[PDB]
Structures are given as structure tokens and as C-alpha cells.
There are 4 protein chains.
Amino acid sequence: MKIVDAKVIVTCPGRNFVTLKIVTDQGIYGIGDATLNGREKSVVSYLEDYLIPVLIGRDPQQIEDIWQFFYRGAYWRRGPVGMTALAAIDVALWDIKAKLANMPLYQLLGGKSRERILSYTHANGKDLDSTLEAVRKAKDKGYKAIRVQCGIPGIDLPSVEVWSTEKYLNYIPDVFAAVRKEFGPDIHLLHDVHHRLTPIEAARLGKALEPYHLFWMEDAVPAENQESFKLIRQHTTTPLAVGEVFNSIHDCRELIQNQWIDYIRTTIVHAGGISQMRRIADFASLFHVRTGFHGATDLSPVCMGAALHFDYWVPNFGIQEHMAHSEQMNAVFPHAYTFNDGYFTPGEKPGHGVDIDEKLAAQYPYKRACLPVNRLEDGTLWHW
Amino acid sequence: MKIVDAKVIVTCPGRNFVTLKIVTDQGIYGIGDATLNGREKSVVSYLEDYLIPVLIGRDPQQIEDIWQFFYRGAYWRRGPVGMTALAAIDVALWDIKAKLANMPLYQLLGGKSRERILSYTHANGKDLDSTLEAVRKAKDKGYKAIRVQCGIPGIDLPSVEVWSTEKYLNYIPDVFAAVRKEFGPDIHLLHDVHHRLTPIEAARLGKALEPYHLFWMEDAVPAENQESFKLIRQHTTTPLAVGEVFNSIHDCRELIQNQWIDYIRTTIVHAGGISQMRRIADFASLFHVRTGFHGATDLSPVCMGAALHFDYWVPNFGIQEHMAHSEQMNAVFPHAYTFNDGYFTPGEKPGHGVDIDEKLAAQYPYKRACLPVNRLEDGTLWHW
Amino acid sequence: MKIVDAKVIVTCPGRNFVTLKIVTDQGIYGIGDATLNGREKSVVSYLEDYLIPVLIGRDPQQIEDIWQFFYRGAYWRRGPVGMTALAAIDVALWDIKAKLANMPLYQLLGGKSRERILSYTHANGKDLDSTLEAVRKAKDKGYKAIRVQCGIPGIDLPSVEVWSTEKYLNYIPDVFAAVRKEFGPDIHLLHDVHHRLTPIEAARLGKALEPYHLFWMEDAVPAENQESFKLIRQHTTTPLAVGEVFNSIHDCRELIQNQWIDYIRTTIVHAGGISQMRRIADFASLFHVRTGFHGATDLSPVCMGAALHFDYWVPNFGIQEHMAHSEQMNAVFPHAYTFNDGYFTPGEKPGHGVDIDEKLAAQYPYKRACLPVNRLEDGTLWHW
Amino acid sequence: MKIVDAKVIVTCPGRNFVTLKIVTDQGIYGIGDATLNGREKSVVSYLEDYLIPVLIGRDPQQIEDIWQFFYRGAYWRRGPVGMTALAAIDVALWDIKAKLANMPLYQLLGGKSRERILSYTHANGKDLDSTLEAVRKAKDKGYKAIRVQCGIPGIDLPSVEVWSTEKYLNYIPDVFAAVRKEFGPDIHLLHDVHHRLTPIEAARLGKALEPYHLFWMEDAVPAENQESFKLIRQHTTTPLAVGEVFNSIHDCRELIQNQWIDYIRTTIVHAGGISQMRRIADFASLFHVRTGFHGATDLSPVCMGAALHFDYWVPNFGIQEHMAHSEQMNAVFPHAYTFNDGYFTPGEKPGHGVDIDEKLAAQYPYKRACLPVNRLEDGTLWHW
Ligand SMILES: [Cl-]
Ligand SMILES: [Cl-]
Ligand SMILES: [Mg+2]
Ligand SMILES: [Mg+2]
Ligand SMILES: [Mg+2]
Ligand SMILES: [Mg+2]
């Protein structure tokens, strides 16, 4: 068996998505997500100008050899751009392998471990009354788990947000108190701190949120120095999640082996595909850590299909984020996965069950969109 | 899909082997090794009286769910008997899954990572001259790696050996000096200490063996207290291997994460099958540890086939032990794996490529054989 | 002195019990429990097919030599099946040694350290009102210590239970609040978490239970990774117990030496007998850990007699679990130990004071019964 | 002051170089290296499609604010592609700031700390005789420090090398013995292991090289798991260097703070520019670590000029690698730095003293060239 062609498709049906398609000499093809929000074209070049020319002629069944060849062979290791490119290749090859086996991908990984996959959605409001309404709307859509974000009183190219830590820490516990009073204890509640605190501030916030029994408090502090979480863990029993921005097991080995976190959020598209995320999830399982894949709209339906197959098998599954794609996004990527009453199943189609409609994708050209930056009230460039 | 039957076959074509066969409602079947040397019938009962009745009617594609069901569901966790029974089930189910995919098993794991699999053999002699001759005979059979064991001057139910640590430590370095003088530096040399030393004795021996640059020094001290290896590692750069007797990742997590060993020897048949050994090997890979599967004759050809498929894929492969089965053993277990000039390939037959000839197996009834014990010169019951 | 015979008796007077009887050439005999709930026949084979043939002709007075011979000589070390078989031998030999000395067993261990042995019983209800009634019934039977378990609102082969961690954590503290309000502070209250939490969940629960001053919170998290308890210990002063499922000191050395637990629950029948439990209890004593032997109905009266003799001597005794055997069970195993007003004494008969009525045991053939498994609400196979 | 334009120039005068030029509204401009060997065009896109559009209109004097804006604002942090793009911006802005100050760049950093900057060159041979000749040729060019690499007996798209660790470890100490015998003890000798060993192999090699007193042994093991170096450091006093492949302080914080290495090799072009390398070098200085910047031909003369200015100031300077550019490369990048008798000075021109001749650069179009991969003798994809 040989790879005869590989191509990168770029489309913007509401937001930018980048997709790799690998075609074999037997006409079976596979696809993988390569989208890196706000830096998309750097991955397109990494693939087109460097990795795709090496793929041609190789045996697509050698998933591990090709993963190692690109991971080690880049010489400069890890990193968002190269690991997203490698993820796209790895997912497309697992898609091919499952189609050659005539099995849905979850069967190749070890089969199903559960009948349904818990998800969570968003509830965002500019103030408390609107936040409470957004939680009602999320519950009415059948979600059993809801991430709550609320505006704080007094608070093509990157937008610039302004931030006050002190105002946020003083107000946000009152939001969770009000949500618990209105909606009761059974609903799972999540909160994303979005990198804005120092560890002793995160320790304070985790303690203040303990009475509300959150499913997790996410991304509390920037995590390049993984020891940052030791101080948080010493002060609170609010569960901790981190890692949507990671691209390697080396970004989280210490967080996990020291039991400093409860959920690892690192994704298939951003951390080298199914081959690497199997290793992260298995390492996590030794230390009570569960998967909580990031699932914002900037991960394409191809990533979602691969993630749901992974979620259906992995023993230490925690939850799957679901920020829904629009109708126009979904039409470009026909898929077998489905949602019902707060939960997903991956679908029984062979492969990860996702395809790309190339004719439709071609109707929507790339349009640049970058992520915001965040400044403190004095103008300091902070963490967004 | 359903399991319709499962049975345990016991045969003694020169030594005892126990094999599980699982049969599906589509007539595809899979087999797994269940042999536990010197306690064989305890596994037969564990399977026949407890696990097989639960398997019937289950979907064999759910490998992970069934692994967890038995691993956790036994309540009393881990252990040689239960983990060998679970290994037999797990291997038979991966054999079925690969046959359903119409692929050799290594393809399901991620594909081949190498063209050939390095093995090692034995060279044993009662004295130095005979040891040197045994090394020549091993080299003439095409082996590139040879385990050297030599008798020490002055040294149905279990045989009782006698042991002197001091005589062994004084003599064994001279054996490796003589082997290097006769055979040169290119041949890989291994030594199995077989549990007989304390850590400071193993540190001394490792230092004394450094000039001879061994591939490994194996099982230097009993390893129930994994911190025993820290003191060895602080004193020698001879590479260290351990773990043929282990049955769980929990027997070696600290040895590996602290970089106290170089090779993990734990096997598919004795540690819960391919599902658990994938997790051990991947954990090992984060810490520079390589696989060195045990491969004595008491692991059946079914274990060897599964091991060779695993070895063909796993990135951090080190070596495969090969103590050859006899012609009568091989005839009971037709297999696709082959040996050439010191190396193996697993074969391209779907599954792990091994089968059992039930009619032939029935010609050789069980015959008890137990492992020796070892006593010190004063009669103390020691480690064999 | 020589062992002339040894036999395994299997009986099901309401539930399965396995018993070893060793007979000496002077006609003195000893018995030991060999019951391993839900895997019973695997121990029968381990004994009959491997260990008993080695016992014959040996001097029964050599308890330590025989313990080492089997512990080390199995080659594959530790584990539920082999350690239960070895426990049966070790207890039967201590029973013989005490009969040869013409002493109750506790005298051989070092004599009595207390006049009475505190026990605890069960109080289980499907809801809070019924739980409160079960606590009244337990108190009326004279118990001074009561384990409380309550159903949670909204929650031959293994039964399958369903589990929600979040519902349990939200409700269970209210059960202990109600029990304290009704029964006051003097009664000792225990709770068994039964392996269902992660460490930060157990930390949360321990904190929530602090106002109710439990004697212990038991088996909070699966303990194969012993470092799991470090995080619990950093967050709560509720006392911690673990270890009914352990079979070796190596399962708990780190829990004890780091002062991560308060009570070790590992038993004579499941962890290699009196010889090994003397070593566990003495190690525990250096680190303030007290014995809290498991004492569910699946440990036979032979185990109970040995445990009570051990409990009467050991300095760092904490408590003895007592889930009562039925009248039919007790009739098969005449014994000297007695209960009075919440406490036991072991009895003054030589040996451990327990015997087996072989004629009566023969009236009740083995009947398979396995332990349940537990699944999460999505179907994930969890810890029961 | 404002940035009015910024552009990326790509040229291949013998090998590919990528250069950023930032132009201010006062006509002062600055340049920075953006070359990432073997992935060059991914950086071109990162700059052109994402970062340059944000630069336009910003005040170039705000070097720190712009560094933080891009480092944090990318959201996905660190990594070879983004950190090389950010390095190009940071160096071009320091070039502008020094030109506005009318000072050579080293004056802005704190002034000169030394009169001359020690460098090292290459001596490579296919065998020992040729290696010895290459060392003579290097000495005759005035170098006082020489990296020695020798072939080992029996050993557009990526070339595939083959590797044997055992043959290398057996032979390489003899090469250093011969070099010391011929050239004496005063010459500084370096060796690059190039990622090929495990830590205990590197410990062995470091010990074997101790009699030859190397300046350093470099890149002994892949360093994603920084604790890998602890075991090397416990066994040898050969000095250790690592880090040409790093892009962040987070790749080396533990190596440095634990005193596991002697020289940090991370470069201005690959790790976020002068702003980040000032922080790495200062952190290193607290722990006795000295700078040893990588200086292979794939770092352009723009990187060399910035590095030499940095080297002239930094207190804890160790050495500068110098693998010489060709005449055609040098003509595209006129520069003030000069070499004399083994040492450099950075030159007294304002800025880093390097410029790009755009007309000449335009004569040499991009031509793809990728780095080799390395396979073991069995075909395993290894570290190159
Ligand atoms: Cl990158
Ligand atoms: Cl066992
Ligand atoms: Mg987030
Ligand atoms: Mg061995
Ligand atoms: Mg319990
Ligand atoms: Mg180098």
C-alpha cells in the first residue's frame, strides 16, 4: 500500500478550518483536522512545503513509524504548528486504517467502554440575570453540564480586552451561589478562569468556589511552569482542569504524575493526534486524571469525530466540551456522530465517520481572524 | 457479535502449556496463552470456574470493557493467577479483532516500526571452558546477543539448589573477561543475576562488570521494594533490566518514573495481555526505558506470537528473549513467526498468527513440574 | 515431627468457605481459612495441585521456613490466590504449634494486651429513615461502634450496580448529621467509601465529614498507587482506613511509613497468615497506625478465631470488624471465641480455638457466587 | 515613532536564509534572522500572515510590550515556528533601538565584558587519520577550541542515516585518546553526541571521556524530559552542554536550577530573541551555567551579529560556535563582526552591525533542503 497524494483544504464557512486529505493507491482516503486558530496558514505551509512531499509513496499502514519520523525528524521538537500538522497526518492515517479494517475507529482503539458520552455547553451572560437565563437555555437544550461565565461589574487583528483580577475574584463566587440557588445541586457546573490568576489567587478562588461543588475550575494560571499548580492543589479541593493549549505530553507530565490536576484538556488536533493522546490518556489513568477534551468551535468536525471515537473507548473519560458548530460548518463536514439529550455517540461508519464536501468547502475562502489580547487596567499586556 | 463458547486446553508436549480459545457466533476464534509455570492448574480454575461463565454472550469487540470488568471486578486486584487468566482473555480478543479486520495484529497496534526483531539466546556451562563453547554454539546459530551463565567453583516437586553469594561475586567477572577476550566487543552480552543479591552487592557486581559493557544485568535484587534499585543506580553504569515476575504496572511504576532501570521485562502472558503491556511500554518510553520481554520456554508459542507482533510495532523496543521451543512444542502451535540470522518477524497472517492443533494437544496430558528453590549454605531459604 | 496429610474442605452453609486441615504424625491437626470470595476454587487448586504435595513429610514446627519456601518458591510473588493459600498453611501451622504448647494462640504471640476486643457492626438502609432504624437495632445488640451506609436518592454471575459520585458526595454528609443528631457523640461511627472516589473527591468528603468525628473513612480511593492517599491526607483530619483487598506488606509500606493512613485493614486470610500480619502490624506501630481487620462474612470463623487471638495480643489494636455469621455457618465451625456487649474474647482453648465439623460441612456443596461490578451512569466499568 | 512597513526576505546563497526587515517612519530600519532549518516557509507564513499585520503602526521602541503581545497573544505558546518568528521581530527592534541610540548593540545591553570572544570550529573525518588531519587544519586556521567528530567503523527530502549506539560507545573514546596524544592538553576539545544515547549510556560515555578533559559533551540524550540529565550528572564530571533545539526558558529551567548542565546552547534566533536570551543567560548565571550558543551555518549572519554583541556583554559567556558561512552567504549579509586568531569582536557599527543586500539576495531563490533522519540497524526511527 502507498500514499499517492495528500492535499490541504482550507475553507471558512463562518470561521477558518484546515483539513488534510491523504489518498491511497487503493482509493481509500482519510482526513484529519489541521486547524490552529489564529495562525492557520503557518500549518498549511508546514504541511504543504515540508511534510506532504515526504508522505508520498510511504505505506499509510505504518502510523507509528510516520509519527516518529515527523516528531523526531523535524529536529526542532514539539510546538503548536508542527504538532497540529502531525495531528492532521496521524488522524488521517487512523481514519484510513479503520476504513481498511471496515470498523468505526473506536473499535480499533479497544472498543466501546460506555453507551453515551457526556458533554458540556456554554452559558455566558453580560451580567447575572442574563447568565441565569443562558443557564436555563442550556438546560432546555438537554445539557447536564454547563460552563458558566459572567461579565464582571466595572470591567482581522487582535481585539484588546481590559482586565481586573481583584474585581473578578470578589464577584465570581456570587455568580455560582446564584446559579446553585436557582438550579440546584444536580447540574454539573464548570468555570474557565482563562489563565488570568497567579497560583495564590487561584488557591483563593478555588476555596471560594468549594461550596458550589464545581465539576472543574479550568486553566487557572498559565502552566508553562507546571509547579505553579502545586500551590493551588495545597489549598483547595475544587477539582482542577488544564491543557487546551498544550501540544505534548511534556507540557503535562509533572502536572499529572504529581496529582496536581483532575482533568487533562489537551486535544487530538493540537497535540499530535490519536497516537499521542492515547499515551497522554493512559499516563493520566495511573494518577486518577480523566480526559476533558477541549471542544470549542475552532476544532473542526473532523477533530470532533476523532475525539468522540476516542471518548467512546478511553477508560478514564471525564467529559467532552461541545461548543456547537453552525449549520454552514456542519454542511461542509458530513459526519456520523450525533447528539441526544446532553450526550454523544460517535456513529458506526468506518473510520472516524467524518468526511469533507470539497465542492462546498470551495465556496468559502479563508478570512483572517485572530484571537484577542488582554491588558490590565494600567495597560500591561496580560494573559487572555 | 457474541462470544458463544470459551474453553481451556491443557497440554504437555515436553512441558505444560495452558491455552484459552474464545469462539464467536460468526465462527471466528481467538487464542491466548494462560500458562503460569509451576502453578498452572490454578489459572485453569480461575478461567473455567469464574471468568469463562461471564464471557459467554458478551460482545468480543469490547476488549477494553472486558479488561476493566475482570481487572476491577475480581475485587482482589493484580496477582500472578488472575493477571495470567486476564492475559489469556485479552490476547484471544485481540486475536479475534485482528482477524475481523483481516490484518496481522501488529497493524492494529499502529503498524511496523522496524524490519526485524533482535533476539537473544542462552549460553550456559558448568564451568568456563564449557561456557565458552556454549557461546560459540550460540553464535553459530546466528545470534547477535547472548546471555551468559556459568557454574561457580565451590557451588515433580521443587529441587533444592545451594547458593553462595560471595563465591559468585568473586568469580563471575572473570567469566565476562574471558568471553570478551575470546569473542570481542561487538557481540551483545547479557547476564541474569536471578534475584540473589542485596542492592549494595548488585552495585558492586555492576561496577565489576562495567569493563565488559553488558547489554544488561538482569533481576539483580528482589524488587517488591522498588526503591532497592535506587542504590544500585547510584553506583554503576551497567544497564539494568528487571520484571519477568511482575504482573502489573504497579510493580514497576516507581522503577520506571525514577529512571532506575533501562529495560522492563514484564510479559504479555503474565501481566494482563496486550492492553496492559501497551500501557507499560508507553509509560516506559517517557523515561528512556525499552522493552525486553522475557521469553523462556514456559511462555507458549501463543505468547511468542503476540510478543513478536507487539515487538514489531512498539517504538521503544529493546530486545526479545528467545529460549527455543522444541519440535514437539512447535507442532502443537502452528505459527507464522519466523527466525532468521538472530532476528524475528511476526508473520503476515491475520491475528497474532498462532493456532493450536487440538487433536495433537490431546496426545500429551498434563504432568506436574515445579520450579526449584534455593537455599544458602547454612540452609536459609533464599531467592531462586 | 512430620506432616502426614493435608486436605482442603469446601462447604457452602449459606456461602462458600474453604478450609485447610494439616495432620501431623502425632495426630495433632491444625486448620486455616483459605476462602477467597468469588474466586474460591482457584485457591483450592493452588493448594491441592501445588502446595499440599510439598507439605507432606515436612516438619510442621518450621513455620517460618515453610512460609518463606512458599512465598519465595512460587517465583511469581504475592497475589490474592497464592497469598490466601499460604495464609491457610500458616494459620494451620500456628494452630498446631499452639496445640503442641498447650496454649491458646494469643499466648504464643506474646500474651494478652487487653481484656476485651472492640468490634463494629453494620447499619445499612435504603433511605435515611431506614438507616436510622438500622443504627438503633445495632445499638440494641450492644455494639459501641457502627458502620453506617445509606442508599442515595437518584441511584451466580456478577450483578451490575450503577453509581453517581456527585449524588453520593452531596448526600452522604447529611446522613452523618442525622445520625449524630439522633444518637449523640459517644457512639463510634464508621463509613466505607468502597473505592469509588478520586483523591480530591475523597479530600472533599473527608472535610465534609469532619464535624461528625468518624472513627474512620474507609477505602476512599483505589490504592494500587499508594501516593493517592497523600493528597487526601493534606486536606482532611477525618481518620483514614484502607486495605481489606491487600495481600502483602508491599501493598501498604508507603501508606504506613509516610503516615498517610490511620488503620490498616489487611487480614490474616488474605495476606499470608499470622506470620505476615505480625510484620504488618509491627511496621504499622512505628507510624501510629492501628489494626482494623476486615471481618465481613466471607472470612470464615477460622479466620475470625485467628484474628481474635491476634487482636487480644497486638499492642496497636484499633478495632475488629464483625459482620455476623449465620447459625448454619457457625455450626460447621465450632469455636471458643465469644461476643459480649460489643466486644470479643478469643477463648482459652489451645490453638486458635476453632475446629471444623467435617460431617456437617459435607452436607453443603459449593455453589458459585460472585461479587458485583459497578458501572457509572454512562456505562463505564468502575470500581465496586 | 511608528513601524511603517515590515517584510520577509527569503534567499538561498548556498542554503536558505529568512530575514525580517522592519522600517520606521523616520527611515531607520532593523533586521532579524527568522531562519528555521528544514521548515523555513512555515515561519515566513507565521510572520507575513499573522504577525506583520499587527506590527504596522506600533511604536518600535516598545520592545518588551511587543514581545509579550506576541508571546502571550499567540494563545498557543512557545514552539519552534512561533518563537523563531518572534525572535526575528525582537532582534530587528533591538537593531532599531541601538541605531536610534547611535550605539553598537552590546552597549545597550550593559557594555563590553571582554576584549575578545572565544569560538570553536569543526574537525570531522570519515576515519581516525582523516579526523586527525581535520584537527590540524582547524588549528592552522587559528582555532583554540575544536569540536571533534569521527566516523565509526561498521556504521530535497530527508536522507536516512543508520546508527549503532554500541559501536559508537566502544570507539569514540579511542578517537579522543589519539587527538590528545597528537595535539596535547592545551587545545579545548568538544564533542556532540547528537541525541543518540540513553542517560545511562551518556553516563558511561562521559566517564570514558573524563581522561581527555573535554570542554563539553553536548546533547547527550533527548531532553524533553529534563530529569534525564540527573542520572548523567550523578556519574560523570565531563562537562555537559545542551539546548540548540530549545525555544524557551521552560525547556531548560529544571536543567539549570538543579545544576545538571554546564552550558546552555539555546540561540537568539530560535528562542525568542535577545529579550528572552538575556533572561535565560541571567537565570543560568545563578547556577554556574555559561552560554555556549549554537552557531551552525543555518543561523544566518544576522543571528551571528546579534549573538556576538550578546557574547561581548554577557558576564557568564562560555564559548561561541562558529561553523563558517561561505563567501556567497557573507556577501548577501554585510557585517561588522570580524574573526582573528580564534576569536571574534562584534564591530562598532550601530545596531548589531549586520545588513542585507536586497538586490543580491534576490539572485538566489529558495530551494528546499531538509535535515536527515536516523534509523537504528533494525530500521527503528531514532533521534538524528
Ligand atoms: Cl511551533
Ligand atoms: Cl494471584
Ligand atoms: Mg478554556
Ligand atoms: Mg531471568
Ligand atoms: Mg470495606
Ligand atoms: Mg549540536
Side-chain angles (χ1 to χ4, degrees), chain A residues 118 185-186 188 206 210 213-217 233 236-241 256 259-263 284-292 315-319, chain B residues 68 71-73 75 77, chain C residues 147-152 154-155 161-176 190-210 212 214 216-246 255 260-263 265 372-378 380-384:
Chain A
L118 179 70
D186 301 327
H188 304 304
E210 287 173 15
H213 301 130
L214 275 61
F215 190 95
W216 71 48
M217 176 176 68
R233 196 59 148 183
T236 184
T237 51
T238 287
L240 304 179
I256 290 171
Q259 295 185 224
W260 293 336
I261 64 170
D262 300 293
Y263 297 88
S285 74
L286 293 170
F287 303 100
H288 307 277
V289 175
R290 282 172 291 193
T291 64
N316 57 317
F317 174 75
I319 199 161
Chain B
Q68 301 297 337
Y71 177 79
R72 297 177 171 177
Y75 195 68
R77 295 176 186 213
Chain C
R147 186 187 73 166
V148 175
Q149 307 294 137
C150 184
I152 306 300
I155 302 183
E161 301 183 1
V162 178
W163 174 250
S164 170
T165 284
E166 293 77 10
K167 295 181 179 79
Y168 167 74
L169 291 173
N170 279 335
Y171 187 68
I172 199 67
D174 289 350
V175 175
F176 286 91
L190 295 75
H191 185 64
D192 189 346
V193 180
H194 229 268
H195 317 282
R196 279 135 195 246
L197 301 182
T198 65
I200 206 70
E201 290 168 352
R204 168 184 165 192
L205 180 59
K207 283 164 46 168
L209 294 178
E210 287 173 15
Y212 315 117
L214 275 61
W216 71 48
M217 176 176 68
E218 163 187 350
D219 287 12
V221 306
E224 298 107 316
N225 179 340
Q226 290 177 62
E227 296 173 32
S228 305
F229 274 73
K230 181 179 176 172
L231 179 58
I232 309 174
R233 196 59 148 183
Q234 153 185 79
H235 284 284
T236 184
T237 51
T238 287
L240 304 179
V242 69
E244 72 191 58
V245 302
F246 297 165
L255 292 167
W260 293 336
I261 64 170
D262 300 293
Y263 297 88
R265 304 250 313 134
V373 298
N374 194 26
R375 291 182 182 277
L376 302 183
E377 291 174 331
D378 68 352
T380 300
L381 196 293
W382 198 236
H383 312 279
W384 173 76

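Hydrogens, waters and symmetry mates are skipped; everything else that's a heavy atom, side chains included, is used. The sequence lines fix the lettering, A, B, ..., with proteins before strands; numbering per chain opens at 1.
Put simply, the side chain of C/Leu214 does not reach to within 4.5 Å of the side chain of C/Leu190, judged on heavy atoms. Side-chain atoms of C/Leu240 and C/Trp260, non-hydrogen and from C-beta on, never get closer than 4.5 Å to each other. Between C/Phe246 and C/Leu255, some side-chain heavy-atom pair lies under the 4.5 Å cut-off. Inter-residue side-chain proximity for C/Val242 and C/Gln226 is flagged as unmet; no heavy-atom pair is nearer than 4.5 Å. In this structure, B/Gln68 and C/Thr380 have side chains that are not in contact, with every pair of non-hydrogen atoms separated by 4.5 Å or more. The shortest distance between side-chain heavy atoms of A/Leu118 and C/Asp378 does not fall below 4.5 Å.
Among the candidates C/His191, C/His195, C/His194, the single residue satisfying the side-chain contact (heavy atoms from CB on, under 4.5 Å) test with C/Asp219 is C/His195.
Across A/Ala241 and A/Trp216, no two heavy atoms sit closer than the pair CB-CD2, 3.4 Å. Here the closest heavy-atom approach between residue C/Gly151 and residue C/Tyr171 is recorded as O-CE2, 3.8 Å. Considering all non-hydrogen atoms of both residues, A/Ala284 and A/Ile256 come closest at CA-CG2, 3.7 Å. Residue B/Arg77 comes nearest to C/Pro222 through the heavy atom pair NH1-CB, 4.2 Å, listed as atom of the first residue, atom of the second, then distance. Here the closest heavy-atom approach between residue C/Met217 and residue C/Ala202 is recorded as CE-O, 3.6 Å. Taking each heavy atom of C/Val221 and C/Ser228 in turn, the nearest pair found is CG2-CB, 3.9 Å.
In this structure, C/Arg265 pairs ionically with C/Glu218, as a charged nitrogen and a carboxylate oxygen lie closer than 4.0 Å. Ion pairing between a basic and an acidic side chain is recognised when a charged N comes within 4.0 Å of a carboxylate O; C/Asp262 and C/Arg233 show such pairing. Salt bridge absent: C/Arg196 and C/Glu201 never bring a charged side-chain N and a carboxylate O closer than 4.0 Å. Comment: C/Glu166 does not engage C/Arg204 in a salt bridge, judged by the lack of any side-chain N to carboxylate O separation of less than 4.0 angstrom.
Proximity of a side-chain donor or acceptor of C/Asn374 to a complementary backbone N or O of C/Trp382 within less than 3.5 Å is not detected. In this structure, C/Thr236 contributes its side chain and C/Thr238 its backbone to a donor-acceptor pair below 3.5 Å.
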Next on the checklist: One pair to check against side-chain contact (heavy atoms from CB on, under 4.5 Å): C/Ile200 and C/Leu231. What are the steps and the verdict?
Outcome noted: CA-CA 7 Å; C/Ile200 206 70; C/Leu231 179 58; 4.1 Å; yes

Checklist entry - Going through the checks in order, is the side-chain contact (heavy atoms from CB on, under 4.5 Å) test met by A/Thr237 and A/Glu210? => result CA-CA 7 Å; A/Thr237 51; A/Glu210 287 173 15; 3.4 Å; yes

Checklist entry - Do C/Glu161 and C/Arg375 pass the salt bridge (charged side-chain N to carboxylate O under 4.0 Å, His left out) test, and can you show the C-alpha distance, the side-chain angles, and the key distance before you say yes or no? => result CA-CA 6 Å; C/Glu161 301 183 1; C/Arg375 291 182 182 277; over 6 Å; no

Item to check | Test salt bridge (charged side-chain N to carboxylate O under 4.0 Å, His left out) applied to A/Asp186 and C/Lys167, step by step | outcome: CA-CA 7 Å; A/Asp186 301 327; C/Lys167 295 181 179 79; over 6 Å; no

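Here the CD1 atom belonging to A/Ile319 is positioned 7.5 Å from the OH atom belonging to A/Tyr263, to the nearest 0.5 angstrom. Interatomic distance, CZ of A/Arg290 versus CD1 of A/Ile261, reported as 12.0 Å (0.5 Å rounding). Atoms CD1 and CD1, from C/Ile172 and C/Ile152 in turn, are 4.5 Å apart once rounded to the nearest 0.5 Å. Separating the CG atom in A/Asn316 from the CZ atom in A/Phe287 is a distance of 12.0 Å, to the nearest 0.5 Å.
Within a 6.0 Å radius of NZ in C/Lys207, more than 12 heavy atoms belonging to other residues, nucleotides or ligands are found.
Ring planes of C/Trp163 and C/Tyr168: tilted class, angle from 30 to 60°.
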